[PDB]
Amino acid sequence: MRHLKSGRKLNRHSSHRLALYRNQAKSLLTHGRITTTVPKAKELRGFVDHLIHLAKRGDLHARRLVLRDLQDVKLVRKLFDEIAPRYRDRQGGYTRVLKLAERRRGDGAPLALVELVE
Amino acid sequence: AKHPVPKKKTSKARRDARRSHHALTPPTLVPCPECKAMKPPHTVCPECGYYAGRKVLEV
Amino acid sequence: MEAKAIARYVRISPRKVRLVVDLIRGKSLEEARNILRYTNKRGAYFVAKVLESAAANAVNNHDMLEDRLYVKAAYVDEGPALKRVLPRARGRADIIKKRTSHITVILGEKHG
Amino acid sequence: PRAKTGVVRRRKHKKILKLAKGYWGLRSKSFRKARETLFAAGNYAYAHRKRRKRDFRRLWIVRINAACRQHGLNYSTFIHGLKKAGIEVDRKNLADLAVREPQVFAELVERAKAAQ
Amino acid sequence: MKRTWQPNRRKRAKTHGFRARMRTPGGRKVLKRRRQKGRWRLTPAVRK
RNA sequence: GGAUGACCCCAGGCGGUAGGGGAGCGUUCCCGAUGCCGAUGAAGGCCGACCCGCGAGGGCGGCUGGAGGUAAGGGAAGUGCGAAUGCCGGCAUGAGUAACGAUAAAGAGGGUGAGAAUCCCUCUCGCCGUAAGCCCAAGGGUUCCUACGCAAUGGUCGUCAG
RNA sequence: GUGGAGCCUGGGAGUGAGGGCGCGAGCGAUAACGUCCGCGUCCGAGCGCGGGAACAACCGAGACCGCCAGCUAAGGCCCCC
RNA sequence: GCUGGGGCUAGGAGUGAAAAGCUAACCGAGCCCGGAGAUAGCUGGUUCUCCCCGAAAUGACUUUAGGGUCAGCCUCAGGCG
RNA sequence: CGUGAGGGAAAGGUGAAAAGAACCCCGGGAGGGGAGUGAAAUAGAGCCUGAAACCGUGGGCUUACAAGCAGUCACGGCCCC
RNA sequence: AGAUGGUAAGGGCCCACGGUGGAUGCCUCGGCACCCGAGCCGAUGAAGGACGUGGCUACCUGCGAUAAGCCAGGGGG
Ligand SMILES: [Mg+2]
Ligand SMILES: [Mg+2]
Ligand SMILES: [Mg+2]
Ligand SMILES: [Mg+2]
Ligand SMILES: [Mg+2]
Ligand SMILES: [Mg+2]
Ligand SMILES: [Mg+2]
Ligand SMILES: [Mg+2]
Ligand SMILES: [Mg+2]
Ligand SMILES: [Mg+2]
Ligand SMILES: [Mg+2]
Ligand SMILES: [Mg+2]
Ligand SMILES: [Mg+2]
Ligand SMILES: [Mg+2]
Ligand SMILES: [Mg+2]
Ligand SMILES: [Mg+2]
Ligand SMILES: [Mg+2]
Ligand SMILES: [Mg+2]
Ligand SMILES: [Mg+2]
Ligand SMILES: [Mg+2]
Ligand SMILES: [Mg+2]
Ligand SMILES: [Mg+2]
Ligand SMILES: [Mg+2]
Ligand SMILES: [Mg+2]
Ligand SMILES: [Mg+2]
Ligand SMILES: [Mg+2]
Ligand SMILES: [Mg+2]
Ligand SMILES: [Mg+2]
Ligand SMILES: [Mg+2]
Ligand SMILES: [Mg+2]
Ligand SMILES: [Mg+2]
Ligand SMILES: [Mg+2]
Ligand SMILES: [Mg+2]
Ligand SMILES: [Mg+2]
Ligand SMILES: [Mg+2]
Ligand SMILES: [Mg+2]
Ligand SMILES: [Mg+2]
Ligand SMILES: [Mg+2]
Ligand SMILES: [Mg+2]
Ligand SMILES: [Mg+2]
Ligand SMILES: [Mg+2]
Ligand SMILES: [Mg+2]
Ligand SMILES: [Mg+2]
Ligand SMILES: [Mg+2]
Ligand SMILES: [Mg+2]
Ligand SMILES: [Mg+2]
Ligand SMILES: [Mg+2]
Ligand SMILES: [Mg+2]
Ligand SMILES: [Mg+2]
Ligand SMILES: [Mg+2]
Ligand SMILES: [Mg+2]
Ligand SMILES: [Mg+2]
Ligand SMILES: [Mg+2]
Ligand SMILES: [Mg+2]
Ligand SMILES: [Mg+2]
Ligand SMILES: [Mg+2]
Ligand SMILES: [Mg+2]
Ligand SMILES: [Mg+2]
Ligand SMILES: [Mg+2]
Ligand SMILES: [Mg+2]
Ligand SMILES: [Mg+2]
Ligand SMILES: [Mg+2]
Ligand SMILES: [Mg+2]
Ligand SMILES: [Mg+2]
Ligand SMILES: [Mg+2]
Ligand SMILES: [Mg+2]
Ligand SMILES: [Mg+2]
Ligand SMILES: [Mg+2]
Ligand SMILES: [Mg+2]
Ligand SMILES: [Mg+2]
Ligand SMILES: [Mg+2]
Ligand SMILES: [Mg+2]
Ligand SMILES: [Mg+2]
Ligand SMILES: [Mg+2]
Ligand SMILES: [Mg+2]
Ligand SMILES: [Mg+2]
Ligand SMILES: [Mg+2]
Ligand SMILES: [Mg+2]
Ligand SMILES: [Mg+2]
Ligand SMILES: [Mg+2]
Ligand SMILES: [Mg+2]
Ligand SMILES: [Mg+2]
Ligand SMILES: [Mg+2]
Ligand SMILES: [Mg+2]
Ligand SMILES: [Mg+2]
Ligand SMILES: [Mg+2]
Ligand SMILES: [Mg+2]
Ligand SMILES: [Mg+2]
Ligand SMILES: [Mg+2]
Ligand SMILES: [Mg+2]
Ligand SMILES: [Mg+2]
Ligand SMILES: [Mg+2]
Ligand SMILES: [Mg+2]
Ligand SMILES: [Mg+2]
Ligand SMILES: [Mg+2]
Ligand SMILES: [Mg+2]
Ligand SMILES: [Mg+2]
Ligand SMILES: [Mg+2]
Ligand SMILES: [Mg+2]
Ligand SMILES: [Mg+2]
Ligand SMILES: [Mg+2]
Ligand SMILES: [Mg+2]
Ligand SMILES: [Mg+2]
Ligand SMILES: [Mg+2]
Ligand SMILES: [Mg+2]
Ligand SMILES: [Mg+2]
Ligand SMILES: [Mg+2]
Ligand SMILES: [Mg+2]
Ligand SMILES: [Mg+2]
Ligand SMILES: [Mg+2]
Ligand SMILES: [Mg+2]
Ligand SMILES: [Mg+2]
Ligand SMILES: [Mg+2]
Ligand SMILES: [Mg+2]
Ligand SMILES: [Mg+2]
Ligand SMILES: [Mg+2]
Ligand SMILES: [Mg+2]
Ligand SMILES: [Mg+2]
Ligand SMILES: [Mg+2]
Ligand SMILES: [Mg+2]
Ligand SMILES: [Mg+2]
Ligand SMILES: [Mg+2]
Ligand SMILES: [Mg+2]
Ligand SMILES: [Mg+2]
Ligand SMILES: [Mg+2]
Ligand SMILES: [Mg+2]
Ligand SMILES: [Mg+2]
Ligand SMILES: [Mg+2]
Ligand SMILES: [Mg+2]
Ligand SMILES: [Mg+2]
Ligand SMILES: [Mg+2]
Ligand SMILES: [Mg+2]
Ligand SMILES: [Mg+2]
Ligand SMILES: [Mg+2]
Ligand SMILES: [Mg+2]
Ligand SMILES: [Mg+2]
Ligand SMILES: [Mg+2]
Ligand SMILES: [Mg+2]
Ligand SMILES: [Mg+2]
Ligand SMILES: [Mg+2]
Ligand SMILES: [Mg+2]
Ligand SMILES: [Mg+2]
Ligand SMILES: [Mg+2]
Ligand SMILES: [Mg+2]
Ligand SMILES: [Mg+2]
Ligand SMILES: [Mg+2]
Ligand SMILES: [Mg+2]
Ligand SMILES: [Mg+2]
Ligand SMILES: [Mg+2]
Ligand SMILES: [Mg+2]
Ligand SMILES: [Mg+2]
Ligand SMILES: [Mg+2]
Ligand SMILES: [Mg+2]
Ligand SMILES: [Mg+2]
Ligand SMILES: [Mg+2]
Ligand SMILES: [Mg+2]
Ligand SMILES: [Mg+2]
Ligand SMILES: [Mg+2]
Ligand SMILES: [Mg+2]
Ligand SMILES: [Mg+2]
Ligand SMILES: [Mg+2]
Ligand SMILES: [Mg+2]
Ligand SMILES: [Mg+2]
Ligand SMILES: [Mg+2]
Ligand SMILES: [Mg+2]
Ligand SMILES: [Mg+2]
Ligand SMILES: [Mg+2]
Ligand SMILES: [Mg+2]
Ligand SMILES: [Mg+2]
Ligand SMILES: [Mg+2]
Ligand SMILES: [Mg+2]
Ligand SMILES: [Mg+2]
Ligand SMILES: [Mg+2]
Ligand SMILES: [Mg+2]
Ligand SMILES: [Mg+2]
Ligand SMILES: [Mg+2]
Ligand SMILES: [Mg+2]
Ligand SMILES: [Mg+2]
Ligand SMILES: [Mg+2]
Ligand SMILES: [Mg+2]
Ligand SMILES: [Mg+2]
Ligand SMILES: [Mg+2]
Ligand SMILES: [Mg+2]
Ligand SMILES: [Mg+2]
Ligand SMILES: [Mg+2]
Ligand SMILES: [Mg+2]
Ligand SMILES: [Mg+2]
Ligand SMILES: [Mg+2]
Ligand SMILES: [Mg+2]
Ligand SMILES: [Mg+2]
Ligand SMILES: [Mg+2]
Ligand SMILES: [Mg+2]
Ligand SMILES: [Mg+2]
Ligand SMILES: [Mg+2]
Ligand SMILES: [Mg+2]
Ligand SMILES: [Mg+2]
Ligand SMILES: [Mg+2]
Ligand SMILES: [Mg+2]
Ligand SMILES: [Mg+2]
Ligand SMILES: [Mg+2]
Ligand SMILES: [Mg+2]
Ligand SMILES: [Mg+2]
Ligand SMILES: [Mg+2]
Ligand SMILES: [Mg+2]
Ligand SMILES: [Mg+2]
Ligand SMILES: [Mg+2]
Ligand SMILES: [Mg+2]
Ligand SMILES: [Mg+2]
Ligand SMILES: [Mg+2]
Ligand SMILES: [Mg+2]
Ligand SMILES: [Mg+2]
Ligand SMILES: [Mg+2]
Ligand SMILES: [Mg+2]
Ligand SMILES: [Mg+2]
Ligand SMILES: [Mg+2]
Ligand SMILES: [Mg+2]
Ligand SMILES: [Mg+2]
Ligand SMILES: [Mg+2]
Ligand SMILES: [Mg+2]
Ligand SMILES: [Mg+2]
Ligand SMILES: [Mg+2]
Ligand SMILES: [Mg+2]
Ligand SMILES: [Mg+2]
Ligand SMILES: [Mg+2]
Ligand SMILES: [Mg+2]
Ligand SMILES: [Mg+2]
Ligand SMILES: [Mg+2]
Ligand SMILES: [Zn+2]
């Protein structure tokens, strides 16, 4: 059973799934838009939203928090200095997901884009 | 186990009765309100790049 | 008047392509095109080509009008099979049949 | 000289398979299963050729019996009556009379009641 | 596990080789036989 | 009965395994044949609700086929298949099922191309590290390097590759 | 008593695991779908046909073919029938 | 003690700290070819059609008993009547 | 295939003549559609004939309250001549 | 209240046409049998092979560093 359990497993063990979200986070904050499978995409939203929210705090503690997932000082500088300010007045929802219309040839996986909001 | 096995060959009738559920359902499609091309709903239109009124994507 | 295309010796198993062909039999050329485009199946790529070649033939050789073409008949016949060895346990050897399809698409004109 | 099968066996099998047209599944497509079916078929025909004679007399008798009781007497009484009367019209025609020409059937019934 | 065939050029040549066959009455008969059959190889071919 | 095998009439028999006997059909081949049928279509193939025969069969007709076939009467045999867990081949069923070969593990961006989860590049992640790195000897034998390819081989894909 | 009677001389066999039932015994336990002989019968080979619900051998009866005709056998005649 | 390379010993023979173990994935006697189409009183299988007839599963003997020889019972031909 | 002695296959046919299909069209190719050749191209090279199992497309009749070695006999409905 | 029809997800029988497959008929560059002819080769290095050999040459055939061939007689046109 699965009654009221939150969080996909995505056929990865605990530490892999973690790495999965972190690496997608790096890619998303870097390029502003990535393409993935729909499930990875919906699952990416929250993980990254939290990171943006902390960069809106701006303080040392929050930077050191974000660094635990993002690990890259420069990318975090980009997060704090360029990205986060765009969201000063925005109350959550800093990411969107829209499904592409074509499936992967080799396995038929449904794709979606995940991008940062304006 | 002790290796179960078909006792009798399946008749042309029975094998085809099994397949009475195997027909594909056609893809569900809707016109893109911009370029009028046919595409699945709730997907960014892959011909013009529009969704929810706006241009989202380079086609 | 009718126009036909055949794809012979397509390296796909007939039972699988036939599923796709079944989707477009009796449909307008236009609807058939849309259907095939969003049919998540390997078979869809092969059927589409036979469709499109027959459409070409129609317009180009048989004085038929694109905007009136429809899929009048379509069918998948079995071609010669490619037998391959599949090694099993305990020294036994099986024989996989990598199967083959002959795909036909026949277009007529839905008049008026 | 060598005398290989050649043309002969195929011809013999087609014979049988043609006879088995209409039969279900392999019974019309497989020589062996057809051949078995025709054996059964052959005896049934013979047997039922026989039983058709029984089957119809049964129907006639049932039908005559119904038409008899309409005039207040049963089949056994009717037939005995006709025997005493010397009337030798068989049940095929009796049954026909009973339905198609009831006035005449009424007459035969009278003769039957009287002959005793 | 260790299987029965363990290639060895020296072993092969010394055991089934042409010179070995000629040495012995039976081996010469082997050659005679294979020649009469028309074998393309009287002897296992091996490279050195 | 009449001349004897013409046909007719009267009567009686006619379930059948092991098995005895009798009469026939068809297949291959030889005489018949320096003949005859045959492109106005041989053999074989596919139909047939038609004709003859108890039957095995034989005709005839239409379609196919494209170069052979052979009569009356006789002769001679590798002469008739449904079974032998028969033999050879072909194609089914199980079935769109089990599986796709270590649970070290993946994600994204860029490029190429008709086509990319699978090829190249970059970044991120993970695995070995007395090895899953390196160097010899066996054995293998061009598998090495480069260009051009993707039908097959590759357990998927392939633009890549032993 | 003229019968798919009988006898004689030859050619060809197959069979040489029988079985149920009735009657007469032995063995067995006045058991066995038991076993072993005798007389007969059927099945075997009549798992063709009617009856016995169904059922080789119980009752009826020996199926050359055809008939949408008639008479019976055993068994039946309230409905299935 | 384990291991590489080079050698030697084999079919009624080798080798075996002995299990009839091992001697090229089946060893109370290896494999290949030959004798060879061994022999198999056993099991299986035996191919068109019609017509007539039509058994036996018993006796005797049998290293015989699920095989046989003779007799019995079937069939065909000639003869007797 | 086997270390080896040794074992040991499968696999023939366009047409009289290559006249073996220029060129165009869809396609990455394969493949096909026209044009052309030929007496014939369902003789087009995966080539004489092209049976059967097997797979499919179209049509007629039929089937979702019914019990089966799949037939057979009767009757009725529908479709065809 | 009563009664009887059109449904086919799919199945079955029949018909037409295809696919697959490679039987059948025809065919024969090959076999088989008998009969006749003929019958040894080799240190002057056989039988049998290895490796080579062509302007471009995988294999076969031929040939041998004079290598699909060199010399001479005969045949043939
Ligand atoms: Mg759980
Ligand atoms: Mg919840
Ligand atoms: Mg959940
Ligand atoms: Mg989680
Ligand atoms: Mg979920
Ligand atoms: Mg995944
Ligand atoms: Mg899992
Ligand atoms: Mg994973
Ligand atoms: Mg961990
Ligand atoms: Mg970019
Ligand atoms: Mg939260
Ligand atoms: Mg952590
Ligand atoms: Mg980290
Ligand atoms: Mg999607
Ligand atoms: Mg979709
Ligand atoms: Mg798609
Ligand atoms: Mg794939
Ligand atoms: Mg277990
Ligand atoms: Mg079955
Ligand atoms: Mg089955
Ligand atoms: Mg079957
Ligand atoms: Mg089944
Ligand atoms: Mg079907
Ligand atoms: Mg089923
Ligand atoms: Mg829109
Ligand atoms: Mg499919
Ligand atoms: Mg289907
Ligand atoms: Mg789909
Ligand atoms: Mg077009
Ligand atoms: Mg395995
Ligand atoms: Mg193995
Ligand atoms: Mg199989
Ligand atoms: Mg297979
Ligand atoms: Mg196939
Ligand atoms: Mg011959
Ligand atoms: Mg024959
Ligand atoms: Mg034969
Ligand atoms: Mg039939
Ligand atoms: Mg029928
Ligand atoms: Mg059947
Ligand atoms: Mg069939
Ligand atoms: Mg019969
Ligand atoms: Mg009758
Ligand atoms: Mg009658
Ligand atoms: Mg009667
Ligand atoms: Mg009736
Ligand atoms: Mg009364
Ligand atoms: Mg009376
Ligand atoms: Mg009467
Ligand atoms: Mg009336
Ligand atoms: Mg180990
Ligand atoms: Mg090894
Ligand atoms: Mg070891
Ligand atoms: Mg080997
Ligand atoms: Mg091996
Ligand atoms: Mg070794
Ligand atoms: Mg070693
Ligand atoms: Mg060595
Ligand atoms: Mg050595
Ligand atoms: Mg040697
Ligand atoms: Mg010797
Ligand atoms: Mg030797
Ligand atoms: Mg050679
Ligand atoms: Mg040797
Ligand atoms: Mg050598
Ligand atoms: Mg060496
Ligand atoms: Mg008579
Ligand atoms: Mg008689
Ligand atoms: Mg009689
Ligand atoms: Mg008889
Ligand atoms: Mg006789
Ligand atoms: Mg004749
Ligand atoms: Mg014959
Ligand atoms: Mg002649
Ligand atoms: Mg002639
Ligand atoms: Mg003439
Ligand atoms: Mg002509
Ligand atoms: Mg003709
Ligand atoms: Mg012939
Ligand atoms: Mg003939
Ligand atoms: Mg005929
Ligand atoms: Mg004809
Ligand atoms: Mg013609
Ligand atoms: Mg003909
Ligand atoms: Mg000629
Ligand atoms: Mg003569
Ligand atoms: Mg003979
Ligand atoms: Mg024979
Ligand atoms: Mg038989
Ligand atoms: Mg067989
Ligand atoms: Mg079997
Ligand atoms: Mg079996
Ligand atoms: Mg079995
Ligand atoms: Mg056998
Ligand atoms: Mg087989
Ligand atoms: Mg299958
Ligand atoms: Mg499934
Ligand atoms: Mg299953
Ligand atoms: Mg499952
Ligand atoms: Mg596996
Ligand atoms: Mg699975
Ligand atoms: Mg693997
Ligand atoms: Mg495997
Ligand atoms: Mg795996
Ligand atoms: Mg895994
Ligand atoms: Mg780990
Ligand atoms: Mg995975
Ligand atoms: Mg990529
Ligand atoms: Mg990309
Ligand atoms: Mg470019
Ligand atoms: Mg591009
Ligand atoms: Mg790829
Ligand atoms: Mg690809
Ligand atoms: Mg992978
Ligand atoms: Mg590590
Ligand atoms: Mg270390
Ligand atoms: Mg370590
Ligand atoms: Mg080396
Ligand atoms: Mg190798
Ligand atoms: Mg290579
Ligand atoms: Mg490839
Ligand atoms: Mg490929
Ligand atoms: Mg490909
Ligand atoms: Mg190529
Ligand atoms: Mg592949
Ligand atoms: Mg593999
Ligand atoms: Mg490429
Ligand atoms: Mg490359
Ligand atoms: Mg390499
Ligand atoms: Mg008698
Ligand atoms: Mg007598
Ligand atoms: Mg007499
Ligand atoms: Mg005899
Ligand atoms: Mg006997
Ligand atoms: Mg005895
Ligand atoms: Mg006994
Ligand atoms: Mg006895
Ligand atoms: Mg008796
Ligand atoms: Mg007795
Ligand atoms: Mg006894
Ligand atoms: Mg009494
Ligand atoms: Mg007593
Ligand atoms: Mg008893
Ligand atoms: Mg008793
Ligand atoms: Mg007693
Ligand atoms: Mg007695
Ligand atoms: Mg008795
Ligand atoms: Mg018996
Ligand atoms: Mg009897
Ligand atoms: Mg009797
Ligand atoms: Mg019974
Ligand atoms: Mg009885
Ligand atoms: Mg009875
Ligand atoms: Mg009864
Ligand atoms: Mg009984
Ligand atoms: Mg009688
Ligand atoms: Mg009466
Ligand atoms: Mg009574
Ligand atoms: Mg009654
Ligand atoms: Mg040492
Ligand atoms: Mg050592
Ligand atoms: Mg060693
Ligand atoms: Mg050594
Ligand atoms: Mg020995
Ligand atoms: Mg020895
Ligand atoms: Mg020996
Ligand atoms: Mg010893
Ligand atoms: Mg020891
Ligand atoms: Mg060995
Ligand atoms: Mg061993
Ligand atoms: Mg021994
Ligand atoms: Mg051994
Ligand atoms: Mg020998
Ligand atoms: Mg001997
Ligand atoms: Mg031997
Ligand atoms: Mg012996
Ligand atoms: Mg023997
Ligand atoms: Mg009799
Ligand atoms: Mg006895
Ligand atoms: Mg006795
Ligand atoms: Mg004695
Ligand atoms: Mg005994
Ligand atoms: Mg015995
Ligand atoms: Mg015995
Ligand atoms: Mg005797
Ligand atoms: Mg007598
Ligand atoms: Mg006698
Ligand atoms: Mg006599
Ligand atoms: Mg080898
Ligand atoms: Mg051929
Ligand atoms: Mg020719
Ligand atoms: Mg030719
Ligand atoms: Mg072109
Ligand atoms: Mg192109
Ligand atoms: Mg183009
Ligand atoms: Mg390409
Ligand atoms: Mg082309
Ligand atoms: Mg073309
Ligand atoms: Mg022309
Ligand atoms: Mg002509
Ligand atoms: Mg064409
Ligand atoms: Mg034709
Ligand atoms: Mg032709
Ligand atoms: Mg073919
Ligand atoms: Mg020809
Ligand atoms: Mg053909
Ligand atoms: Mg064909
Ligand atoms: Mg069919
Ligand atoms: Mg249908
Ligand atoms: Mg009910
Ligand atoms: Mg109903
Ligand atoms: Mg029913
Ligand atoms: Mg029943
Ligand atoms: Mg019925
Ligand atoms: Mg209704
Ligand atoms: Mg209906
Ligand atoms: Mg239906
Ligand atoms: Mg349907
Ligand atoms: Mg066909
Ligand atoms: Mg066919
Ligand atoms: Mg001939
Ligand atoms: Mg000759
Ligand atoms: Mg000397
Ligand atoms: Mg020489
Ligand atoms: Mg050479
Ligand atoms: Mg010269
Ligand atoms: Mg000269
Ligand atoms: Zn659009």
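Scroll up a little and you will see the structure.
Residues numbered from 1 in each chain as written, not as in the entry; some residues may be left out. Chains lettered and ligands numbered in written order. Part of a larger assembly, values for the part shown. Heavy atoms only, no water. Residues with missing side-chain atoms left out of burial classes, pairs and counts.

**Student:** Where do I start with the protein's contact with RNA strand J in this structure?
**Tutor:** Close contacts around RNA strand J come from 24 residues, with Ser-20 of chain B, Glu-78 of chain C, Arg-10 and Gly-25 of chain D together with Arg-35 of chain E the closest. Restricting attention to atoms of RNA strand J within 4 Å of the protein, one finds that 93% of them are sugar or phosphate atoms. In this structure, a phosphate oxygen belonging to RNA strand J sits 3.0 Å away from a main-chain N or O atom of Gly-22 of chain D. Within the contact set of RNA strand J, a phosphate oxygen lies 2.9 Å away from a backbone nitrogen or oxygen of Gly-25 of chain D. Counting residues per element, the surface near RNA strand J draws most heavily on helix α1 (residues 12-18) of chain B, at four residues. Residues that form the surface near RNA strand J fall into these classes: seven nonpolar, seven polar and 10 charged. (Near = heavy atom within 4 Å. Polar contact = N/O pair within 3.5 Å; in protein donor to acceptor, adjacent residues only side chain to side chain. Helix = DSSP H or I, 4+ residues; strand = E, 2+ residues; numbered from the N terminus. Nonpolar A, V, L, I, M, F, W, Y, C, P; charged D, E, K, R; others polar.)

**Student:** What is the right way to read helix α5 (residues 91-100) of chain D from this model?
**Tutor:** Residue pairs spaced three or four apart in an α-helix point in one direction, given the helix's 3.6 residues per turn. Residues and elements named next belong to chain D. Restricting attention to buried positions, one finds in α5 the residues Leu-94, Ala-95 and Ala-98. Along α5, the residues classed as buried sweep out an arc of 95° about the axis, all on the same side. At its buried positions, α5 is contacted by α3 (31-69), α4 (75-85) and α6 (102-115). (Buried < 20%, exposed > 50% of the residue type's maximum accessible area, 1.4 Å probe, protein only. Arc of directions from axis to C-beta. Contact = heavy atoms within 4.5 Å.)

**Student:** What am I meant to see in the side chain of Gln-24 of chain A here?
**Tutor:** You can see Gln-24 of chain A is positioned in helix α1 (residues 14-31). Look past the residues within four positions of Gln-24 of chain A in its chain and what remains in contact with it is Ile-34, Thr-36, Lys-40 and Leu-44 of chain A.

**Student:** Where do I start with the pairing of strand β5 (residues 101-109) of chain C in this structure?
**Tutor:** Working note: regular strand, side chains alternate between the two faces of the sheet. Residue and element names in this part refer to chain C. Most of β5 is tucked away: nine of the nine residues are buried. Where strand β1 (residues 3-10) lies against β5, six bridges are found, and the strand directions are antiparallel. Bridging from a neighbouring strand, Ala-5 pairs with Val-105 of β5. Inspection of the sheet shows strand β2 (residues 69-78) paired to β5 by nine bridges, in the antiparallel sense. Bridge pairing links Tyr-75 to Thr-104 in β5. (Pairing = 2+ DSSP bridges.)

**Student:** Would you mind showing me how to read the interface of chain C and chain B here?
**Tutor:** The interface is formed by 10 residues belonging to chain C together with 11 residues belonging to chain B. Taken over both partners, the interface formed by chain C and chain B buries close to 900 Å², and the fraction arising from carbon and sulfur atoms is 68%. Broken down residue by residue, the surface that chain C buries against chain B is led by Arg-15, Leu-23 and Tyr-38 of chain C, which jointly contribute 56%. Seen at the junction of chain C and chain B, the total is one salt bridge. A salt bridge links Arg-37 of chain C to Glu-47 of chain B; its shortest N-O distance comes to 3.9 Å. Summed over the shared surface of chain C and chain B, the number is zero residue pairs in polar contact. Where the side of chain C that touches chain B is concerned, the elements lending two or more residues are α1 (14-24) and α2 (29-37) of chain C. Considering each element in turn, the side of chain C that touches chain B owes the most residues, four residues, to α1 of chain C. Split by residue class, the side of chain C that touches chain B holds five nonpolar, two polar and three charged. (Buried area = accessible area lost by both parts, 1.4 Å probe. Salt bridge = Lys/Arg side-chain N within 4 Å of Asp/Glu carboxyl O.)

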